[PDB]
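Cβ atoms come from the backbone with ideal geometry, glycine included; neighbour counts cover every protein chain shown. The values are calculated or read from the model by the stated rules, or taken from the named source; no laboratory instrument gave them.
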Amino acid sequence: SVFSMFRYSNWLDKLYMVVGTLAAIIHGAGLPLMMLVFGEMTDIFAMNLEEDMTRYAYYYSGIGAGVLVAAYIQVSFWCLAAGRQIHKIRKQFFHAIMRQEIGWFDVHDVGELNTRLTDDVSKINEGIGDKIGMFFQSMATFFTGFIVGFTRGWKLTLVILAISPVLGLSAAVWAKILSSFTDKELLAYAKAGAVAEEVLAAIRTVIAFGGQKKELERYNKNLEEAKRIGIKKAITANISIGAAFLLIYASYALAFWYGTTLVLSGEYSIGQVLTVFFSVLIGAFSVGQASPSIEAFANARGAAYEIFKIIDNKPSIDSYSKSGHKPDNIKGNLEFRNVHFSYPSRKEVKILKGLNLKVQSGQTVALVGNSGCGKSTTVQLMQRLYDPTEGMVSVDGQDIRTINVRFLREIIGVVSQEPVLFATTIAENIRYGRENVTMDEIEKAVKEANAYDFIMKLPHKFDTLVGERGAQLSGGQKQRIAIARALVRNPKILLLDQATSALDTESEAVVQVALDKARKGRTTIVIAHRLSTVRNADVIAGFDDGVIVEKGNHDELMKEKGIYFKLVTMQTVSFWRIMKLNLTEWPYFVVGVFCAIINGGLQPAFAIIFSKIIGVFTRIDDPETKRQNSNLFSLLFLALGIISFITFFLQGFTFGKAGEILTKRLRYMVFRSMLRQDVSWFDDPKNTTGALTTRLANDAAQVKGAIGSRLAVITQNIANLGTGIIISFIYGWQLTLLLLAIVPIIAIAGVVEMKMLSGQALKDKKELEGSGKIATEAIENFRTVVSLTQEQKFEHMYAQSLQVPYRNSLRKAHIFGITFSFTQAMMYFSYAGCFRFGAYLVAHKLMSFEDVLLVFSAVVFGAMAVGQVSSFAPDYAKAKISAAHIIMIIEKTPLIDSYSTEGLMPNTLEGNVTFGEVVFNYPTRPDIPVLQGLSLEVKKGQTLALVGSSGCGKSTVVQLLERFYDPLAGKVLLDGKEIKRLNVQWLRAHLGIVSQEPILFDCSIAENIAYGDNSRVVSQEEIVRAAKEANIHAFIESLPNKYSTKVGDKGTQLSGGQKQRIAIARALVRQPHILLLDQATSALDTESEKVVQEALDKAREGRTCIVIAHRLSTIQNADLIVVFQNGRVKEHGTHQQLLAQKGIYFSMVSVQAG
Ligand SMILES: Nc1ncnc2c1ncn2[C@@H]1O[C@H](COP(=O)(O)OP(=O)(O)OP(=O)(O)O)[C@@H](O)[C@H]1O
Ligand SMILES: Nc1ncnc2c1ncn2[C@@H]1O[C@H](COP(=O)(O)OP(=O)(O)OP(=O)(O)O)[C@@H](O)[C@H]1O
Ligand SMILES: [Mg+2]
Ligand SMILES: [Mg+2]
């Protein structure tokens, strides 16, 4: 556990840290070393000045040169050691996640990882960089003060030193606590990031059903628990400083008393105590500078727990292992024998209860059965995503468990049940099948898949960017690309899973010929619910209760009159705006700023205290009195001590609490603003689920660190150094002019520092969203990328996007290092200058050296406080850009608004939809005319069927009615009223849709069905009443935990039919006036298809419907049918009228002639 964050440090990284620490000790001694020349001048106080002062000044000019080197070496080296290690952490951690199996993805929540990559790693960067360097600068200063003490003092040093262990232990006690709190706070943010990743993926269903309020308030809760842990961390860290500062001034008071005995004993002089106090007191302020460094390291330690926990884990069925067995001449042989298997998520249920099969080379197997018998499990087992409990899957004699994984997976082509594509060009989607592929092969492969014509018709033919998960293309076209992708591979075993579900009759027909032409050499297994495709296969198989019962040729199974016979028979500007948002918390700043000046301004004042204390010690010549008045001063240190406890704690608590209220305020509004946006906004190439969720975590975290507790210290350092120059202006004279004249040189260096950094961060921020895009793309589609065997390519792609920040991180160190060293060094020369200037003025008798020595002593305490403000600049530069983007997104307003109350909400509705002369284009592709002036009539109590070939604008009508996009020209009238003129939500409350490819949320089944109806308490009796009509009651009832079983991410646990049937239920909870079915019975059984139709037909009257489907048996029943053609509605009417006038409809139905 201990020091497990520095695992990937090279010999050159080691060299940086060792050389940095040695320089850090040398740099820290210089401020303690300045007091040595003062002590000898006090000894002289019991001709001189011009010879003595120049010697002491001459030393300061040399020190400044030593600081300019050491400071650069100190700061620069750690920053390099951080940047290189962080680069290796991100690359290793991502590689570790891809090494996992599917069962691990099934159990744990994958949505948490995306925020663990960007935010949680960035916390470590702050911990193990410059703060480690400064920590040693502080610690050298602390000890080097005592090193003078041992020479100058025998007991006085020991008396102060002996109360170091409390400071030493206290730091360990508070750190170990707040280190534990960090793990729990980060876990709260991870739970929030999962909600954002889920919602932004399925935004269309969220907009459709209109559940923005519920998802917003749920997202809010996770932030509430994060705030409560945050405020606890603030209280703890600020108390750590108060007690430490209290104990030092308390111990200083104890040290004074024994100092009073010098007159009685005669052990040492008053010249000694001034040396001892001036030596030892400097280190007191160094502790306050060290308090942030320990707090950073403790949080950075707390950040590491969960990252290395994933890296330390080892897989079961490893893909990266090269110790497997790989044969040469793989003849086609597949054997199942007595195979039992159950998933990890529900171990109680038994799906496969002993089956067996033999498939020789040159055989196309058909698997038939009802939804739930486990056809997809068999296909998913072949790839070896899960292993069997008993039974052996042997290939060509040898068992799968003995042979190699990667070698096995690169000879199996798989078209999954519901395909998914990656957001790139069409060429790259085809290229994921195999690396070294030529254009000629792709040309041939597409033409076999029958997806050539539409690719030729689109501009940028092979360079058209498909959306996230292939959303921009149609349902049919998307499926063909998956078919091509398998055929480019050219494997031995081909595995089709309902490959011709969304495709029409003509596309199925020609694709069948291409597959059947080049079948002889291959081995094939085909899943299908159409039976015409099943007719010409070699062997058919029937599942039943886990076991495969029936087998054989078409003739035999017909004569045997089993399940197959029944199936065949049945078919027949930053501070001004950002500060203003937190107008409420005004009394926190008033107390915080007031307290910072009082506790900050005490440190330069010591010289005034020490001068008066020294003066009162030698005021009156009489000795007995000195005993009494000296005792009171010791009480004064305790009094300041007890107040110091009150000031520092309150200062830190007031500022610390203020930030945590704002942090949550920033997040809540941005997520609320993003959820208002139009669909057109989500279709932009720049906007993506991964790109957005990264934008949430990064922007808030950048703002939080700059203006939180860290703001407070700067206020203390400004007041300190202000008080320093004020008392220099008051008591001193002709010094401020020489001191202040060097300040513009720091100012010129400061402006060029921020200008170089602030310009750099904008280019860095833009790239990191590009980095985030790939992770969310790879993680969400894990089954695709595992099946395709493309684990390296994504790591290589991920390595590119990280390379541009990596350069900036290295460059940043040198810019930051040069400014620090210069800003630090220019002060020392000023401390040389003032003494040398004092050498001239004292001689001529215009300035009093006794008073000059005090201002010299007073000004030099700020030297460290000057160094604190120098380290602030980068944080301000990153916040400036981060803030601008937040105000940009919040202030933006959409075209069609969901939160606007205005519109017309008519008390009743007749339910008559009309379309007339409608032209429309999508925003992403402006030139292509999808609809070219169509018209359509829909009245109450009627079902209108829409038909045509794949990609003739059927699903566009559904989307146009739901107000995702508005028409360019034309008109839509609801009951003789413009849909633009109506209220937005009001419309979406009445009508309800069933999408082409359903999506579900990570929740219980009851809540997914209850999600359909919002703004009302859904009764359970109605849920079961609906789910009885939907026809999934017996399935849910047989399952353990009833409705409380948690469905997976995007409906991954349940089978297609099971979720698709839920989607049907979710629609029927509302009892809508207008209804829209877009291939609602795509993948369902013949037994189900009737029972689903019965409920619709029995309760058809009253409401209105528009059906889209390829099954002519459904369209047979409908009132009037409509046929599309290149945008124009060519054919329309009733079944007898359309069949009489023998056009395309006759050609469409006659293709099924006997
Ligand atoms: N990853 C999984 N985790 C848990 N249970 C699963 C998983 N995949 C499938 N199941 C369950 O196993 C059973 C069989 O599912 P499977 O999809 O293999 O059957 P199917 O006949 O192919 O379904 P369909 O006909 O709808 O395509 C179902 O009851 C389903 O809920
Ligand atoms: N958001 C979008 N951006 C760009 N083009 C789109 C978008 N949505 C649809 N299209 C294009 O419009 C054409 C037809 O659209 P649509 O998918 O509605 O037809 P469809 O009848 O639903 O097709 P299918 O029957 O194959 O599902 C397709 O070629 C598709 O690429
Ligand atoms: Mg299936
Ligand atoms: Mg469609």
Residue hits (the stretch 112-143; assigned to a helix (DSSP H, G or I), of a type in the set (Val, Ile, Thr) and crowded, with 20+ Cβ neighbours inside 10 Å) are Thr115, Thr118, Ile124, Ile132, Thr141
Per the filter on the stretch 372-400, residues outside any loop (DSSP other than H, G, I, E, B), within 16 Å of ligand 3 (Cβ to nearest atom) and polar (S, T, N, Q) are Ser376, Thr377, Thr378, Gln380
Top-ranked residue in the stretch 1052-1099 [being among the charged types (D, E, K, R) and either crowded, with 16+ Cβ neighbours inside 10 Å or within 16 Å of ligand 4 (Cβ to nearest atom) (or both); ranked as farthest from the chain's Cα centre (by Cα)]: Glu1089
For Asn629, the lone unmet condition from (1) more than 33 Å from the chain's Cα centre (by Cα); (2) surrounded by 18 or more Cβ atoms within 10 Å (Cβ to Cβ) is (2)
Looking only at the stretch 496-534, which residues are within 16 Å of ligand 1 (Cβ to nearest atom), charged (D, E, K, R) and within 23 Å of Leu1112 (Cβ to Cβ)? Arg530
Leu503 fails exactly one of (1) farther than 17 Å from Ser949 by Cα; (2) within 14 Å of ligand 2 (Cβ to nearest atom); (3) out of contact with any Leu (no Cβ under 9 Å at 6 or more places or on another chain), namely (1)
Sort out which residues of the stretch 702-722 are under 26 Å from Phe606 (Cα atoms), small (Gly, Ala, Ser) and buried (at least 20 other Cβ atoms within 10 Å of the Cβ), and write them in order of number. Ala712, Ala719
Would you confirm, using the coordinates I've provided, whether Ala445 is within 16 Å of ligand 4 (Cβ to nearest atom) and either among the aliphatic types (A, V, I, L, M) or in contact with a strand residue (DSSP E or B) (Cβ under 6 Å, 6 or more places away or on another chain) (or both)? no
Taking the stretch 1058-1083 on its own, how many of its residues are within 16 Å of ligand 2 (Cβ to nearest atom) and more than 18 Å from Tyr1011 (Cβ to Cβ)? 6
Quick one: is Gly521 within 16 Å of ligand 3 (Cβ to nearest atom) and touching a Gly at 6+ places or on another chain (Cβ under 9 Å)? no
Quick one: would you say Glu295 is among the acidic types (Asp, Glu), crowded, with 16+ Cβ neighbours inside 10 Å and under 30 Å from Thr115 (Cβ atoms)? yes
Exactly one of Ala1010, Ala989, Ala1027 is surrounded by 21 or more Cβ atoms within 10 Å (Cβ to Cβ), more than 13 Å from ligand 1 (Cβ to nearest atom) and either over 31 Å from the mean Cα position of the chain (by Cα) or farther than 30 Å from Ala192 by Cβ (or both), and that residue is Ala1027
Could you run through the stretch 526-542 and say how many residues are touching an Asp or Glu at 6+ places or on another chain (Cβ under 9 Å) and more than 21 Å from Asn450 (Cβ to Cβ)? 3
Matching entry among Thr424, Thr378 (being hydroxyl-bearing (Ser, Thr, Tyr), within 16 Å of ligand 2 (Cβ to nearest atom) and either under 30 Å from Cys952 (Cβ atoms) or buried (at least 19 other Cβ atoms within 10 Å of the Cβ) (or both)): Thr424
Whichever residue in the stretch 1100-1114 is under 18 Å from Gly992 (Cβ atoms) and among the charged types (D, E, K, R) and, among such residues, is surrounded by the most Cβ atoms within 10 Å (Cβ to Cβ): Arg1103
Considering only the stretch 242-342, give the helices (runs of 4 or more DSSP H) lying wholly within it that have at least 3 residues that are over 30 Å from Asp621 (Cα atoms) and not acidic (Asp, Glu). 270-303, 305-312
Tell me, which strands (runs of 3 or more DSSP E) wholly within the stretch 897-973 include 2 or more residues that are surrounded by fewer than 16 Cβ atoms within 10 Å (Cβ to Cβ) and not small (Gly, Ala, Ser)? 913-920, 931-938
Helices (runs of 4 or more DSSP H) wholly in the stretch 15-108 with at least 1 residues that are away from ligand 1 (no atom under 16 Å from the Cβ), of a type in the set (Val, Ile, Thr) and more than 15 Å from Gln824 (Cα to Cα) - which ones? 36-44, 48-98
Going through the stretch 433-491 in order, the residues found to be in a loop (DSSP other than H, G, I, E, B), away from ligand 2 (no atom under 16 Å from the Cβ) and farther than 22 Å from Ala502 by Cβ are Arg434, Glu435, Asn436, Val437, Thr438, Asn490, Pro491
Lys1050 versus (1) assigned to a helix (DSSP H, G or I); (2) within 16 Å of ligand 3 (Cβ to nearest atom); (3) of a type outside the set (S, T, N, Q): which is the lone unmet condition? (1)
Hey, any hits in the stretch 778-788 for a residue that's in the same structural domain as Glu197 (by TED's automatic domain parsing) and either touching a strand residue (DSSP E or B) at 6+ places or on another chain (Cβ under 8 Å) or closer than 28 Å to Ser279 by Cβ (or both)? yes
